[PDB]
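Asker: Residue numbers (the entry's author numbering), protein chains in the order written: chain C, 304 to 379; chain A, 304 to 379; chain B, 304 to 379; chain F, 304 to 379; chain D, 304 to 379; chain E, 304 to 379.
For every residue, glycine included, the Cβ atom is placed at its ideal position computed from N, Cα and C.
6 protein chains.
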Amino acid sequence: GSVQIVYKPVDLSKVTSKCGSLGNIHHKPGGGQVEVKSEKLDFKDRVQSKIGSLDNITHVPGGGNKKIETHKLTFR
Amino acid sequence: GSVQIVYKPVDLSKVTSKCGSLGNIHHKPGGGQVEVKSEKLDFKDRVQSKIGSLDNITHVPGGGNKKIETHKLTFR
Amino acid sequence: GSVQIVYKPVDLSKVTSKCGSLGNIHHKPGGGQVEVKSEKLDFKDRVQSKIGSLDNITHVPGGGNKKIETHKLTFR
Amino acid sequence: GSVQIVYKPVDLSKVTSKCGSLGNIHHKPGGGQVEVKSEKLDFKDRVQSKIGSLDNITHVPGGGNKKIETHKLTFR
Amino acid sequence: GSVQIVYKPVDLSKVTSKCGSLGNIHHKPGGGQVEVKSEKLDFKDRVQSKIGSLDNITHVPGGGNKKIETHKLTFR
Amino acid sequence: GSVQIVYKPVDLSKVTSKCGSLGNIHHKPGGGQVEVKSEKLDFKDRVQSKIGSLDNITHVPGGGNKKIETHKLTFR
């Protein structure tokens, strides 16, 4: 018998921001030090990793809004 | 029997920002040091890694908004 | 039996920004040092890696907005 | 009447050391940071001072012995 | 009346050391940072000073012994 | 009346060291940074000063012994 598929998603959505004078941002870290000894690492399927890191972040978005979507349909 | 596939996704969406005078940003890091000794690393499928980092980030987007989507249809 | 596919996607979507006087950005790192000793690395499918990094980033986009989309149809 | 001075000090003293294999010394400080705002300092006679300091010292003398002597004679 | 002065100090003293294999010394500092704003400093007689310092010292003398002597005669 | 001065000091003293295999010294700093804003400094008699320093020192003498002496006669 016949198969029919009608894939017609519609997306009218909006992600939006208003900000004023975004500014006067100072990031001044005092150095640091790291040592790593590493042996025999196996990373095998969608692993996210960090080892030894001494990281400094100043993240200041005027908006920074996130919309994350999955629409999964499976047939068998 | 017959197979018919219609594929007509319609995307009218928007990602948008207004910002004022974005500025006066200072990033002045104080050096630092790293040593890494590394052996026998096996990374095998969509791995994300860092070893021994000393990373400084200043990130100041006027918007920085994100829309991330998966629409998935699987048939068998 | 017949196979028919009608692939007619539509995209009228938009990514947009307005910013004022984008400026007065100072980035001045104080050097630093790295050493890496590395042996026997196997990276085998879409691996993202770094070893030893001492990285300084100053990212200040007037917008920095992102729209990321996948629209997947699989048939078998 | 006559004045006579006979300045004849004698110094046979000794300051001495024996040491073995002086070594295997590691000094690896993790950076740091300092800020000082300073105004109107008057230092007027044999002042010893420090302000804001973040100092690291590894002092490992094989001997490190001290002899300090004053011999003052005053006549009026 | 007569003045007579006989200045005949005698110095047979010794400062001395023996050391073995002086070595295997590592000094590896992780950067750092300093800022100083300074105004109107008056330093007027044998002042010893420091402002803002981030100093690292590794001092490993095979001897490092000190003899400090003052022999003062004052007549009036 | 007569003035007589007999200045005949004697110095047979010694400063001495013996050392083995002096070596294997590593000095490797990780950068760093300094800023100094400075106004109106008056330093007027045998002043020792430093402002803003980020100093790294590795001092490894086979001896490093010191003999410091003052032998003062004052007459009035």
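Excluding five sequence neighbours on each side, which residues of the same chain lie with their C-beta closer than 6 Å to the C-beta of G366(F)?
Answerer: Taking the first residue of the fourth sequence as 1, we reach residue 366(F) at position 63. Hits under 6 Å: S320.
Asker: What does DSSP give as the partner residue(s) for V363(A) in the beta ladder?
Answerer: Here the question's residue 363(A) lines up with position 60 in the second sequence. For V363(A), which the question treats as bridged, DSSP gives no partner whatsoever.
Asker: Below 7 Å on C-beta distance, what does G326(D) contact in chain A?
Answerer: Within the fifth sequence, numbered from 1, the residue matching residue 326(D) stands at position 23. Simply none; closest approach about 21 Å.
Asker: Counting Cβ pairs closer than 8 Å, one from the segment 351-369 of chain A and one from the segment 352-362 of chain B, do we hit at least three?
Answerer: Output reads yes: the segment 352-362 of chain B touches the segment 351-369 of chain A.
Asker: Using beta carbons (cut-off 8 Å, strictly below), is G334(C) in contact with chain F?
Answerer: By 1-based counting over the first sequence, the position of residue 334(C) is 31. It does; some Cβ of chain F falls within 8 Å.
Asker: Using 10 angstroms around the beta-carbon of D348(D), count the other beta-carbons present and answer buried if the total reaches 16, otherwise exposed.
Answerer: In the fifth sequence, the residue the question calls residue 348(D) occupies position 45. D348(D) comes out exposed.
Asker: Give a yes or no on whether the C-beta atoms belonging to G335(C) and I328(A) are separated by under 8 Å.
Answerer: To locate residue 335(C), count along the first sequence from 1; it is residue 32. To locate residue 328(A), count along the second sequence from 1; it is residue 25. Not closer than 8 Å, so no.
Asker: So is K370(D) in contact with chain A if we call contact Cβ pairs under 8 Å?
Answerer: Position 67 of the fifth sequence, counting from 1, holds the residue named residue 370(D). So, not an interface residue.
Asker: Tell me the residue span of the beta strand (DSSP E) that contains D345(B).
Answerer: As a first step, residue 345(B) must be located in the third sequence, where it is residue number 42. Here the beta strand (DSSP E) through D345(B) covers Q336 to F346.
Asker: Whose Cβ in chain A lies nearer than 9 Å to the Cβ of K331(D)?
Answerer: Locating residue 331(D) in the fifth sequence gives position 28, where the first residue counts as 1. What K331(D) touches in chain A: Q336 and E338.
Asker: With a cut-off of 8 Å, does the C-beta of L376(E) fall near any C-beta of chain F?
Answerer: As a first step, residue 376(E) must be located in the sixth sequence, where it is residue number 73. Chain F contact via Cβ: present.
Asker: Within the continuous beta strand (DSSP E) that includes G326(F), where are the two ends?
Answerer: For this step, residue 326(F) is matched to residue 23 along the fourth sequence. Where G326(F) is concerned, the enclosing beta strand (DSSP E) stretches over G326 to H330.
Asker: Quick check on the DSSP output: the beta strand (DSSP E) that includes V350(A) runs from which residue to which?
Answerer: The count along the second sequence starts at 1 and reaches residue 350(A) at position 47. It is not in any beta strand (DSSP E) - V350(A) carries neither H nor E in the DSSP assignment.
Asker: Do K375(A) and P312(B) count as a contact pair if the criterion is CB distance below 8 Å?
Answerer: Locating residue 312(B) in the third sequence gives position 9, counting from the first residue. Locating residue 375(A) in the second sequence gives position 72, counting from the first residue. No. Outside cutoff.
Asker: Please confirm whether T377(D) and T361(F) have their CB atoms less than 8 Å apart.
Answerer: As a working note, residue 377(D) is residue 74 in the fifth sequence. As a working note, residue 361(F) is residue 58 in the fourth sequence. No, they are not a contact pair.
Asker: Please classify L315(B) as buried or exposed, where buried requires at least 16 neighbouring CB atoms within 10 angstroms.
Answerer: As a first step, residue 315(B) must be located in the third sequence, where it is residue number 12. Exposed: under 16 other Cβ atoms inside 10 Å.
Asker: Answer with buried or exposed for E372(A), where buried requires no fewer than 16 other C-beta atoms within 10 angstroms of its C-beta.
Answerer: Along the second sequence, one-based indexing puts residue 372(A) at 69. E372(A) should be labelled buried.
Asker: Give me the Cα-Cα distance between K317(B) and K340(B), rounded to the nearest whole angstrom.
Answerer: Taking the third sequence and counting its residues from 1, one reaches residue 317(B) at position 14. Taking the third sequence and counting its residues from 1, one reaches residue 340(B) at position 37. Spanning the two alpha carbons is a distance of roughly 47 Å.
Asker: By the three-class DSSP mapping on this structure, what secondary structure does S305(D) have?
Answerer: Position 2 of the fifth sequence, counted from the start, is the residue given in the question as residue 305(D). Coil at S305(D), not helix or strand.
Asker: Using the DSSP secondary-structure output, state which residues sit across from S320(A) in a beta bridge.
Answerer: The sequence position of residue 320(A) within the second sequence is 17, counting from 1. Its beta-bridge partners are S320(B).
Asker: Mapping the DSSP letters down to three states, classify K375(B) as helix, strand or coil.
Answerer: Locating residue 375(B) in the third sequence gives position 72, counting from the first residue. DSSP places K375(B) in strand when its eight states are reduced to three.
Asker: Please state the DSSP three-state secondary structure of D358(E).
Answerer: The residue given as residue 358(E) occupies position 55 in the sixth sequence. Reduced to three states, the DSSP call for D358(E) is coil.
Asker: Where does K311(D) sit, in a helix, a strand or coil, going by DSSP?
Answerer: Walking along the fifth sequence from the start, residue 311(D) turns up at place 8. In the structure shown, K311(D) sits in coil (DSSP, three-state: anything other than H, G, I, E or B).
Asker: How many Å lie between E338(C) and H330(E) at the Cα?
Answerer: As a working note, residue 338(C) is residue 35 in the first sequence. As a working note, residue 330(E) is residue 27 in the sixth sequence. Whole-angstrom Cα-Cα distance: 16 Å.
Asker: Cβ atoms of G323(E) and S305(D): under 8 Å apart, would you say?
Answerer: Along the fifth sequence, one-based indexing puts residue 305(D) at 2. Along the sixth sequence, one-based indexing puts residue 323(E) at 20. Taking 8 Å as the Cβ cut-off, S305(D) and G323(E) do not qualify as a contacting pair.
Asker: Pull up the distance between the alpha-carbon of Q307(E) and that of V309(D), whole angstroms please.
Answerer: In the sixth sequence, counting from the first residue as 1, residue 307(E) sits at position 4. In the fifth sequence, counting from the first residue as 1, residue 309(D) sits at position 6. Their backbone Cα atoms lie some 8 Å apart in a straight line.
Asker: Just the Cα atoms here: how many angstroms apart are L344(A) and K370(C)?
Answerer: Numbered from its first residue, the second sequence carries residue 344(A) at position 41. Numbered from its first residue, the first sequence carries residue 370(C) at position 67. Distance between the alpha carbons of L344(A) and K370(C): 35 Å.
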